[PDB]
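Below is one structure; the comments refer to it alone.
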Amino acid sequence: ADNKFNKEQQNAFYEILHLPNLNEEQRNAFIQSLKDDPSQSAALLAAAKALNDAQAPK
């Protein structure tokens, strides 16, 4: 990763990609949005994590 995702961007990408409670649609949407804009990777990460926690099976 270097041309699209530098470091934290790629990390956020993987984190979202590997969120256990994040369903296909959500994850793919966040991943697509991050693929489109790696700059707001942190925003998308927090959003996706919030979603992942929101859908945390309890």
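Identifiers in this document derive from the order of the structure tokens: chains are assigned A, B, ..., residues are numbered from 1 separately in each chain, and ligands are numbered from 1 in order of occurrence.
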Polymer residues at most 12 Å from residue 28 of chain A, only C-alpha atoms, same-chain spacing of 2 or more positions, as a list in words: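 Using only C-alpha atoms, the neighbours found are residues 13, 14, 16, 17, 18, 19, 22, 23, 24, 25, 26, 30, 31, 32, 33, 34, 35, 36, 44 and 48 of chain A.
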Please report, as a PDB file with N, CA and C atoms, in the first residue's frame, each residue of chain A to which DSSP assigns helix (DSSP H, G or I) when run on this structure's backbone.
```
ATOM      1  N   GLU A   8      -2.320   4.566   7.711  1.00  0.00           N
ATOM      2  CA  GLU A   8      -3.508   4.574   8.554  1.00  0.00           C
ATOM      3  C   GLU A   8      -4.757   4.343   7.717  1.00  0.00           C
ATOM      4  N   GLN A   9      -4.735   4.860   6.496  1.00  0.00           N
ATOM      5  CA  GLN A   9      -5.830   4.668   5.555  1.00  0.00           C
ATOM      6  C   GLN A   9      -6.040   3.179   5.287  1.00  0.00           C
ATOM      7  N   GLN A  10      -4.942   2.486   5.019  1.00  0.00           N
ATOM      8  CA  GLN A  10      -4.981   1.060   4.737  1.00  0.00           C
ATOM      9  C   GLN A  10      -5.379   0.284   5.988  1.00  0.00           C
ATOM     10  N   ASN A  11      -4.884   0.744   7.129  1.00  0.00           N
ATOM     11  CA  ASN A  11      -5.217   0.140   8.411  1.00  0.00           C
ATOM     12  C   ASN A  11      -6.712   0.232   8.678  1.00  0.00           C
ATOM     13  N   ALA A  12      -7.271   1.425   8.498  1.00  0.00           N
ATOM     14  CA  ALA A  12      -8.700   1.639   8.678  1.00  0.00           C
ATOM     15  C   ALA A  12      -9.487   0.757   7.722  1.00  0.00           C
ATOM     16  N   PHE A  13      -8.986   0.653   6.497  1.00  0.00           N
ATOM     17  CA  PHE A  13      -9.579  -0.209   5.483  1.00  0.00           C
ATOM     18  C   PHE A  13      -9.674  -1.647   5.992  1.00  0.00           C
ATOM     19  N   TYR A  14      -8.570  -2.163   6.521  1.00  0.00           N
ATOM     20  CA  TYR A  14      -8.544  -3.525   7.040  1.00  0.00           C
ATOM     21  C   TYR A  14      -9.431  -3.670   8.267  1.00  0.00           C
ATOM     22  N   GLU A  15      -9.418  -2.667   9.133  1.00  0.00           N
ATOM     23  CA  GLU A  15     -10.224  -2.694  10.343  1.00  0.00           C
ATOM     24  C   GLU A  15     -11.702  -2.806  10.003  1.00  0.00           C
ATOM     25  N   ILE A  16     -12.155  -1.970   9.074  1.00  0.00           N
ATOM     26  CA  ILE A  16     -13.534  -2.014   8.612  1.00  0.00           C
ATOM     27  C   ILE A  16     -13.820  -3.346   7.934  1.00  0.00           C
ATOM     28  N   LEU A  17     -12.880  -3.774   7.102  1.00  0.00           N
ATOM     29  CA  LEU A  17     -12.999  -5.030   6.375  1.00  0.00           C
ATOM     30  C   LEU A  17     -13.120  -6.210   7.337  1.00  0.00           C
ATOM     31  N   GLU A  24     -22.494  -7.389   5.504  1.00  0.00           N
ATOM     32  CA  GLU A  24     -21.952  -7.228   4.154  1.00  0.00           C
ATOM     33  C   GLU A  24     -22.202  -5.836   3.592  1.00  0.00           C
ATOM     34  N   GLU A  25     -23.467  -5.433   3.529  1.00  0.00           N
ATOM     35  CA  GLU A  25     -23.841  -4.150   2.934  1.00  0.00           C
ATOM     36  C   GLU A  25     -23.044  -3.004   3.545  1.00  0.00           C
ATOM     37  N   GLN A  26     -23.069  -2.924   4.870  1.00  0.00           N
ATOM     38  CA  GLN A  26     -22.401  -1.849   5.592  1.00  0.00           C
ATOM     39  C   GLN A  26     -20.909  -1.853   5.305  1.00  0.00           C
ATOM     40  N   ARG A  27     -20.275  -2.991   5.546  1.00  0.00           N
ATOM     41  CA  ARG A  27     -18.837  -3.123   5.370  1.00  0.00           C
ATOM     42  C   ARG A  27     -18.431  -2.757   3.951  1.00  0.00           C
ATOM     43  N   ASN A  28     -19.138  -3.315   2.979  1.00  0.00           N
ATOM     44  CA  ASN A  28     -18.838  -3.067   1.576  1.00  0.00           C
ATOM     45  C   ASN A  28     -19.025  -1.596   1.235  1.00  0.00           C
ATOM     46  N   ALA A  29     -20.022  -0.970   1.850  1.00  0.00           N
ATOM     47  CA  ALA A  29     -20.294   0.442   1.624  1.00  0.00           C
ATOM     48  C   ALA A  29     -19.158   1.306   2.162  1.00  0.00           C
ATOM     49  N   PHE A  30     -18.740   1.025   3.393  1.00  0.00           N
ATOM     50  CA  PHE A  30     -17.651   1.763   4.017  1.00  0.00           C
ATOM     51  C   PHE A  30     -16.354   1.547   3.249  1.00  0.00           C
ATOM     52  N   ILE A  31     -16.098   0.298   2.886  1.00  0.00           N
ATOM     53  CA  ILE A  31     -14.921  -0.062   2.105  1.00  0.00           C
ATOM     54  C   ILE A  31     -14.918   0.649   0.760  1.00  0.00           C
ATOM     55  N   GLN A  32     -16.080   0.715   0.127  1.00  0.00           N
ATOM     56  CA  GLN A  32     -16.209   1.383  -1.161  1.00  0.00           C
ATOM     57  C   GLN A  32     -15.946   2.877  -1.012  1.00  0.00           C
ATOM     58  N   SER A  33     -16.500   3.457   0.042  1.00  0.00           N
ATOM     59  CA  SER A  33     -16.333   4.874   0.310  1.00  0.00           C
ATOM     60  C   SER A  33     -14.880   5.198   0.657  1.00  0.00           C
ATOM     61  N   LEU A  34     -14.218   4.271   1.340  1.00  0.00           N
ATOM     62  CA  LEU A  34     -12.822   4.446   1.718  1.00  0.00           C
ATOM     63  C   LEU A  34     -11.927   4.249   0.497  1.00  0.00           C
ATOM     64  N   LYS A  35     -12.319   3.314  -0.354  1.00  0.00           N
ATOM     65  CA  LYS A  35     -11.637   3.084  -1.620  1.00  0.00           C
ATOM     66  C   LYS A  35     -11.746   4.324  -2.497  1.00  0.00           C
ATOM     67  N   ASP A  36     -12.896   4.973  -2.431  1.00  0.00           N
ATOM     68  CA  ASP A  36     -13.126   6.210  -3.165  1.00  0.00           C
ATOM     69  C   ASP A  36     -12.352   7.371  -2.543  1.00  0.00           C
ATOM     70  N   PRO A  38      -9.684   7.755   0.604  1.00  0.00           N
ATOM     71  CA  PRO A  38      -8.865   7.276   1.717  1.00  0.00           C
ATOM     72  C   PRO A  38      -8.579   8.367   2.744  1.00  0.00           C
ATOM     73  N   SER A  39      -8.938   9.597   2.417  1.00  0.00           N
ATOM     74  CA  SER A  39      -8.666  10.714   3.301  1.00  0.00           C
ATOM     75  C   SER A  39      -9.625  10.694   4.486  1.00  0.00           C
ATOM     76  N   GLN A  40     -10.892  10.389   4.223  1.00  0.00           N
ATOM     77  CA  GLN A  40     -11.892  10.323   5.282  1.00  0.00           C
ATOM     78  C   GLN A  40     -11.964   8.917   5.866  1.00  0.00           C
ATOM     79  N   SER A  41     -10.849   8.201   5.777  1.00  0.00           N
ATOM     80  CA  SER A  41     -10.757   6.837   6.273  1.00  0.00           C
ATOM     81  C   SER A  41     -11.064   6.764   7.764  1.00  0.00           C
ATOM     82  N   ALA A  42     -10.623   7.771   8.507  1.00  0.00           N
ATOM     83  CA  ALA A  42     -10.845   7.815   9.943  1.00  0.00           C
ATOM     84  C   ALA A  42     -12.323   7.986  10.264  1.00  0.00           C
ATOM     85  N   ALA A  43     -12.976   8.889   9.530  1.00  0.00           N
ATOM     86  CA  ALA A  43     -14.410   9.153   9.694  1.00  0.00           C
ATOM     87  C   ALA A  43     -15.187   7.868   9.409  1.00  0.00           C
ATOM     88  N   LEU A  44     -14.871   7.249   8.279  1.00  0.00           N
ATOM     89  CA  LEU A  44     -15.519   6.011   7.867  1.00  0.00           C
ATOM     90  C   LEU A  44     -15.228   4.889   8.853  1.00  0.00           C
ATOM     91  N   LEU A  45     -14.018   4.882   9.397  1.00  0.00           N
ATOM     92  CA  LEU A  45     -13.635   3.897  10.398  1.00  0.00           C
ATOM     93  C   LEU A  45     -14.504   4.029  11.638  1.00  0.00           C
ATOM     94  N   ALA A  46     -14.582   5.243  12.171  1.00  0.00           N
ATOM     95  CA  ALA A  46     -15.363   5.498  13.371  1.00  0.00           C
ATOM     96  C   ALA A  46     -16.832   5.170  13.140  1.00  0.00           C
ATOM     97  N   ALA A  47     -17.342   5.583  11.978  1.00  0.00           N
ATOM     98  CA  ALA A  47     -18.728   5.310  11.573  1.00  0.00           C
ATOM     99  C   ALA A  47     -18.963   3.793  11.537  1.00  0.00           C
ATOM    100  N   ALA A  48     -18.067   3.081  10.860  1.00  0.00           N
ATOM    101  CA  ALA A  48     -18.190   1.637  10.695  1.00  0.00           C
ATOM    102  C   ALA A  48     -18.078   0.914  12.026  1.00  0.00           C
ATOM    103  N   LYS A  49     -17.192   1.392  12.886  1.00  0.00           N
ATOM    104  CA  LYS A  49     -17.018   0.797  14.201  1.00  0.00           C
ATOM    105  C   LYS A  49     -18.250   1.030  15.055  1.00  0.00           C
ATOM    106  N   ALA A  50     -18.806   2.238  14.960  1.00  0.00           N
ATOM    107  CA  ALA A  50     -20.038   2.592  15.675  1.00  0.00           C
ATOM    108  C   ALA A  50     -21.161   1.663  15.211  1.00  0.00           C
ATOM    109  N   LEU A  51     -21.184   1.398  13.908  1.00  0.00           N
ATOM    110  CA  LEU A  51     -22.165   0.501  13.313  1.00  0.00           C
ATOM    111  C   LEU A  51     -21.926  -0.930  13.815  1.00  0.00           C
ATOM    112  N   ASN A  52     -20.658  -1.312  13.857  1.00  0.00           N
ATOM    113  CA  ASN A  52     -20.247  -2.634  14.323  1.00  0.00           C
ATOM    114  C   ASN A  52     -20.658  -2.848  15.776  1.00  0.00           C
ATOM    115  N   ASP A  53     -20.505  -1.811  16.584  1.00  0.00           N
ATOM    116  CA  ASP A  53     -20.888  -1.876  17.990  1.00  0.00           C
ATOM    117  C   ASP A  53     -22.402  -1.861  18.135  1.00  0.00           C
ATOM    118  N   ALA A  54     -23.054  -1.046  17.306  1.00  0.00           N
ATOM    119  CA  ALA A  54     -24.519  -0.938  17.285  1.00  0.00           C
ATOM    120  C   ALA A  54     -25.121  -2.312  16.989  1.00  0.00           C
TER     121      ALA A  54
END
```
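Distance annotation: of A:37, A:1, A:57, A:6, the residue with the minimal separation from residue 20 of chain A is A:57; atom set is only C-alpha atoms.
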